[PDB]
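Residue-level listing of the chains:
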Amino acid sequence: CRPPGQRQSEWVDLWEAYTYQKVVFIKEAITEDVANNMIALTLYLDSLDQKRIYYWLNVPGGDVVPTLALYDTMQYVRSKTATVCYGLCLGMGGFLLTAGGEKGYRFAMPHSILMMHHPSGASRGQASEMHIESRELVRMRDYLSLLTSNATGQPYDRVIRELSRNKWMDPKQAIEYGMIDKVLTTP
Amino acid sequence: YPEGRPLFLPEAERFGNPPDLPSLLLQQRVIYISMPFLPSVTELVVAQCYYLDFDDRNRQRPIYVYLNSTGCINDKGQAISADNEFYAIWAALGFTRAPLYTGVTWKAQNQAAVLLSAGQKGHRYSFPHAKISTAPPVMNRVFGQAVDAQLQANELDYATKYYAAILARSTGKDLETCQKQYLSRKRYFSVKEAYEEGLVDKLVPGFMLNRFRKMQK
Amino acid sequence: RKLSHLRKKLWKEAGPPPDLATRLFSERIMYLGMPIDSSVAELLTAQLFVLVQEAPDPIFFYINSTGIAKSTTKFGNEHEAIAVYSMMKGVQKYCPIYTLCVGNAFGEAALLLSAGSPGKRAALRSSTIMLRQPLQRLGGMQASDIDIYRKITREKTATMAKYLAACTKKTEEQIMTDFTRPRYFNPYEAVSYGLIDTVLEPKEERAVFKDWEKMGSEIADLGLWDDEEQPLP
Amino acid sequence: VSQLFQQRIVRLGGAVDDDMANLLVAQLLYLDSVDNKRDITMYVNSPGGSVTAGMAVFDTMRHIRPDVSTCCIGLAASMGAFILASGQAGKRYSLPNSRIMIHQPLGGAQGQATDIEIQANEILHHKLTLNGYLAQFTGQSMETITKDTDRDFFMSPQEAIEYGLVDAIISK
Amino acid sequence: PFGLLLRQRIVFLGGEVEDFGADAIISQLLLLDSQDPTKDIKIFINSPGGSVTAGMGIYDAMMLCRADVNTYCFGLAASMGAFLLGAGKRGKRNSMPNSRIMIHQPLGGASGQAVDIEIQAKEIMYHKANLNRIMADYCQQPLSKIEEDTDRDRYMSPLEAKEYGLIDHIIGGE
Amino acid sequence: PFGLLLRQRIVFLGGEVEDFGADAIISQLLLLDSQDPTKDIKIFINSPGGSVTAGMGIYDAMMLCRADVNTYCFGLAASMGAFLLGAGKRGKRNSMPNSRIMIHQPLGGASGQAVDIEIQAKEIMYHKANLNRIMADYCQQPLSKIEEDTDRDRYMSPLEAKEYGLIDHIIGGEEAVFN
Amino acid sequence: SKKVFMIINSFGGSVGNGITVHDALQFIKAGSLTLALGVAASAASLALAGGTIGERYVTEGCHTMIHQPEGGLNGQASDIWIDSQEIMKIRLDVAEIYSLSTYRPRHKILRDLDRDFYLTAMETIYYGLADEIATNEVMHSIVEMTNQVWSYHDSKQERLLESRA
Amino acid sequence: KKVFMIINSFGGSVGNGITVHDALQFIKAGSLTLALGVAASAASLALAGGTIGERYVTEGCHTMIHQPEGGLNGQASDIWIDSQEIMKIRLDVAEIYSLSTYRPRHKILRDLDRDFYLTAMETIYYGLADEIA
Amino acid sequence: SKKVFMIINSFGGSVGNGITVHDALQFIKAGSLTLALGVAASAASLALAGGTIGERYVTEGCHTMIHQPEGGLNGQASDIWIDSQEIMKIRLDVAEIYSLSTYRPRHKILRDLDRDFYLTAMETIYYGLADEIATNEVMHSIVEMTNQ
């Protein structure tokens, strides 16, 4: 998916060409690097003007802190946000799918595969260090569960019990569960 | 289609400065040899020489050759490349027309020391704390009969006599003398010792120390 | 003079360029978003010199940094943060520098969070501002280094305390007593301490209360030895 | 080693570690259990070692009942040299061509300002203790010994005779 | 040389405590309990510590022995050799005058996610509570300063630790 | 088979000489001396070098032995085996007709602060002087010539060495000495 | 104008390279303002010392380091000796530089080289590596100097962009 | 005006084949899909994703069809959950093949079981392709 | 420029590449002036001998080393045998090319490819692989041709 596609007058790269139209393709699992690039892109796109930012996600997973940073940047910008799911949204990608446009602007392709699970993490040290890290990670689970529950409309206690293991969904299950809002078809 | 002729500084001052640094130095007729004499440096220096003697109108504007390389031998004394990379550079720098000024920034060692000496008399520069050193040529480990090692000894003796010839022409000494003093054992020269023996001739022009400037202020 | 020519640079030079870095530098936005290191500090100094030279117009500084590195990976030095901080303090009298914390700002970046022009210094409500335990995960020295090492680490730790009191208007004794364990503030606690001037609440809030999880059942009957059920929320 | 071991020979060979120190300590304790009077001799050939293991060996040597005569063969370097210097007075021998080195402790540290400062002052503690013991063993003052241990001090066996580490040479 | 001491009822708890070494020591202590329910068992300690699981197993074996258990410290007893050094009988804990004793709080391993990390943090809080309790029991010290000193790794000379309470005698009085 | 030879007062020093290898040989020579003081020892040297420290340890052991310690080089004796072979009793050093004898200086290095570099240069220079002084005494050649020769990288046949003063007899009667 | 600006924040680097950058700064005929930020080890300290006297600024939290070069040798006995002579002559070179940049006695400078010696801003001024402590007002003055020097090129660029636009 | 997809892919993850199939169906003007040499599973899905009537295969081309692959790791219940999704993937792939080949879905599942190779003519007959180049 | 100047300095390369460059240089209509700087190993010696005869220049300090093809090969006995026969055929190809470039008999060329074979400037010109010492005026004129 490299070839620069022609723009208004010149040859510009495919992903830069997309962002010229506010479209932000996220295609890699969210590591520090991709998250920083997408946070920067979101901030600059909101800088140009305020129309709307569509995020097309193919995320197969990712790390928790960078994903929450990207979420907070999406919420901070003036322009609204819509998230479409081309391919699949797993874990923190399935959390980003519930990060933009609560009012009926989450779409998914018909065979997109959706998955949510409680955020992972790992850290060791002293005893007290493990206390501090464990308390922080429990705070993180609770925050992401509050966000998931207020995004989908499911009870907080239900979400806690559901996401402890992996949770997989077809787009029909995702509409019925409240994860997304519409499924893209030929139109 | 049309033959695109590279236009040079007298008529190219109207096209602005070059974008990056190596293009700047090439335009100033400076060939900065900052990296050991690998085949890459040889190729690049040959191309720079070919471009510089390509369309100089007067080809008397000297070519500057600043050195920051230990030549064809690695830091730990074992050859990193061969003596033929030096010959190719040296030969190339000879097929031009302009006087060849050479200078040392920090280190001119083992081949770059010879190439340093091989500049114009009266126009070899160094920084006042450059370290110069001359060592015998070194081959890299190859396997075989006594005949293969004898062939390598013959090749290394051609290389040693070559360097001794250049150093004799530069330092103005007896040929076998220059072989004995420099190439016989790995010997170090400060800037003053190197000047004493004809290795270098001057510091870089305009070199003035800081507290010296202060006390002339 | 130079306003119309920032405009002209936009017209001819700074509109076409593709790199997101180039577009951001056109928008006077400096995104510190990576363990701050030597390369990052030199880049930020170059950007900030050129941004001064463009105009006395303001600068936006987004900070999503995990300190000089994560505690599970090799650290750098504390001198990159001091270099960037000194550059920012020198710049500020001639150019406003809004400094905004998206995500996280651990230790060194916290200084870079607090070094924005007063009154223009904000962090998102969902951020964390960590004054973490001091420091140096580099452990490759010997005993022949001990005589120097103390006179470095204090030399670094105390330097930070000083700079932090020149950003929070506090007493360096408090900052020294607070270093001893990583103390990470909420945005409101940060404004109380002085690290930031405002807190950026979102336009809309999503997360609600979860206190409806509390049980509230009666105290256990004195004649009911509870079993060993160890549950999870 | 057993062939030497039955001869009341304990080999401190090679750079010391905690496993080598455990082996030395077990040998010394067993040999003291066998016979509390008849002497133990101990060949020293080591370029260094951890300070704690050397301290363990030195204390085990001290408090057992047989005198642990130390004979240097080859080399003794700054932690094997301290062990060699700690043999029973009058019974610290050297081979005529062996060399003796003394120099300061070593080791790394990592952690917070507090933890690595603690490692720093424990290294100072090692340095103080070693200098005090060396002053006990040679007879020179704290100042000369501290200057000597400060920088790599290579010495010949004879010099060590008049500098107190060794008692004699085996030219016999 | 070790086996020739194992007939004189001596156990070397040298080197870092790990699963295999601790298992070996537990087996030796079972054997020595088997041989004679009365004769003294001496344990020599030289270690930067190790697992708190294995160390607690060694502690249990030491307090299973119906025989007396002496502990001697050679050089380094650190964070689990200190714990097992103080575990000898009251009145029979010894160290070399130049031995270093350092007290510390346990450390844990890593498997999984935030619920699993919860599980492990509960483990290690329990272990820290238990180490503090037992250590403040045989040192005859309040839990306050044991919690205070364990959380800061500070090496201690044998006279200093003897004033603390870990050891009962120093071999030489020095 | 080495047990029977050790009973016959024959000690083998073969392969690279190292610290532990030295300690083993030192012990064998001390055992052979303390058992029997009047019967000679034979040490066989086929060794491409070694450590100067370990080599001087073995040399001290050899010079302590009351029982005259002959040496019999076979194959190689390179720059540290050759010194030990030259440290047998005068008149009782032997070599095979086609052994190769090398005399040469040691290598070395240093790192970090050049204080230790100057100390290592001083220690390598000590090794040079020490070895050469005793080499000159037993080769019965001027110390200047020995210092010059110990510089030059070169093998020699046992005929050249027997002329040079190192060894004293060639086992084979110089009938299989090949150049 | 054309007075070079060096910005120095470097925790290491071979000493010979610091000497090279020092001399390079030396042969430039106009001035040379060197500003050290945060740190300058041996190489970067030699770079800092090479600025024009009156324009070697060091920031308050900057720590320079005088120490002798760290090396490693591998070769024969003559190679060991000749290379240790390399390193000792380099130490004397650095002592010469620090005297001709600080006016301190070369004996004391050589002692400071012997054991790695860190210096903070005030002491770095005291020995003679830098002239002024770069406090905030000094830093303001430096960015003003950059403003004035860059503004000539800026005006050239102004006129060119006026033509193009 | 019609996306003309040249296919020559010895392999790939099946989920990516599904994703490319969805992307193909997303655009409304038909898609031509010409397979060369080989079209394995992740590309066999793409080949079956072209416009019925405009999917071509070359005489030399061979078509691979197989069930998805996966590695799992974790507790017993994690393994159960992950097995359930791989089964969902296999059922979806069988459904896509059924839509393109008009053949019993259970039969297509039976044929997926092991690695399945089709010559160009068997690719035509099965239904993944329509014509021969 | 009705001549293609080809500047040689390369320490080796598979001999098949030298054969390819030799054939190409012998195929193009335009002349060829091949200059050797420093060294010309196996493939470079083939490329140097490949230029127009009479315009194969070599500097005073150049060396030309020609060695027989060296290969490596694993497998069953028949595979080793077949690859062996092919490598011998390549050795004969190279010997014949040198024989036709230098006019020496194939048997004296094959005798020389028995072992690595170094030749100086005079030795190379005598042998026939090059034709003239490269003096400064030579590519004075070469550069002037590229410019005129």
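- Per the deposited record, determination of this structure is attributed to cryo-EM, with the resolution reported as 3.3 Å.

- Where the PDB entry is consulted, chain F appears under the name ATP-dependent Clp protease proteolytic subunit, with the organism given as Chlamydomonas reinhardtii.
- Under its PDB record, the entry appears with the title "CrClpP-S1".

- Going by the PDB entry, chain C carries the name ATP-dependent Clp protease proteolytic subunit and comes from Chlamydomonas reinhardtii.

1. A short note on the overall build of chain C
- Scanning chain C from N- to C-terminus turns up 8 helices and 8 strands.
- Radius of gyration (C-alpha) of chain C: 23 Å, far over the 17 Å computed for a compact globule of 233 residues.
- Here the C-alpha coordinates of chain C stretch approximately 85 × 55 × 35 Å along the principal axes.
- When contacts within chain C are restricted to residue pairs at least 6 apart in sequence, those whose partners lie at least 24 apart make up 70%.

2. Considering a negative patch on the surface
- On the surface, C:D226, C:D227, C:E228 and C:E229 cluster together into a negatively charged patch.
- In this structure, C:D227 sits in the segment after β8 (198-200).

3. Structural notes on the interface of chain C and chain A
- Taken together, the contact between chain C and chain A spans 31 residues of the former and 35 residues of the latter.
- Contact between chain C and chain A buries roughly 3,100 Å² in total, counting both sides, with carbon and sulfur atoms accounting for 59%.
- On the chain C side of the interface with chain A, the three residues burying the most area are C:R23, C:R206 and C:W212, jointly 19% of the side's total.
- The interface formed by chain C and chain A holds 1 salt bridge in total.
- Summed over the shared surface of chain C and chain A, the result is 7 residue pairs in polar contact.
- Take the side of chain C that touches chain A: its biggest share by element is 3 residues, from helix α2 (residues 20-26) of chain C.
- For the side of chain C that touches chain A, a count of residues per class yields 18 nonpolar, 6 polar and 7 charged.

Parameters at a glance
- Each chain carries its own residue count, beginning from 1 and running in the order its sequence is written; this scheme need not agree with the entry numbering, and residues with no coordinates do not appear.
- Chain letters start at A and ligand numbers start at 1, both assigned in the order the entries are written.
- This view holds some of the chains of a larger assembly, and the values cover only those chains.
- Based on all heavy atoms of the structure, the side-chain values leave hydrogens and waters out of the count.
- Counting from the N terminus, the helices are DSSP H or I runs at least four residues long and the strands are E runs at least two residues long.
- Each radius of gyration is computed over the set of C-alpha atoms, and the globule rule expresses the reference value as 2.2 Å times the number of residues to the power 0.38.
- Note on contacts: a residue pair qualifies if any of its non-hydrogen atoms lie within 4.5 Å across the two residues.
- A patch is a set of surface residues, each over 30% in relative accessible area and not in a salt bridge, joined within 9 Å for like charges and within 5 Å for the nonpolar side chains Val, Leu, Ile, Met, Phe, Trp and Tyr.
- The Shrake-Rupley method, run with a 1.4 Å probe, gives the accessible areas here. Residue values count only the displayed protein chains as cover.
- For this document, the term salt bridge refers to a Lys or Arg side-chain nitrogen within 4 Å of an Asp or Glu carboxyl oxygen.
- Charge assignment in this entry is limited to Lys and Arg as positive and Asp and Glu as negative, and neither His nor the chain termini are counted.
- To locate a charge, the coordinates of NZ of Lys, CZ of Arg, CG of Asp or CD of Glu are taken.
- Each of two parts loses accessible area, computed with a 1.4 Å probe, when they are put together; buried area is these two losses added.
- For this analysis, a polar contact is any N or O atom pair within 3.5 Å, provided that within protein one partner can donate a hydrogen and the other can accept it, and provided that sequence-adjacent residues contribute only side-chain to side-chain pairs.
- Following the grouping adopted for this structure description, the nonpolar residues are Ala, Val, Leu, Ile, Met, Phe, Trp, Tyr, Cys and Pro, the charged ones are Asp, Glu, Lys and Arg, and the polar ones are all others, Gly among them.

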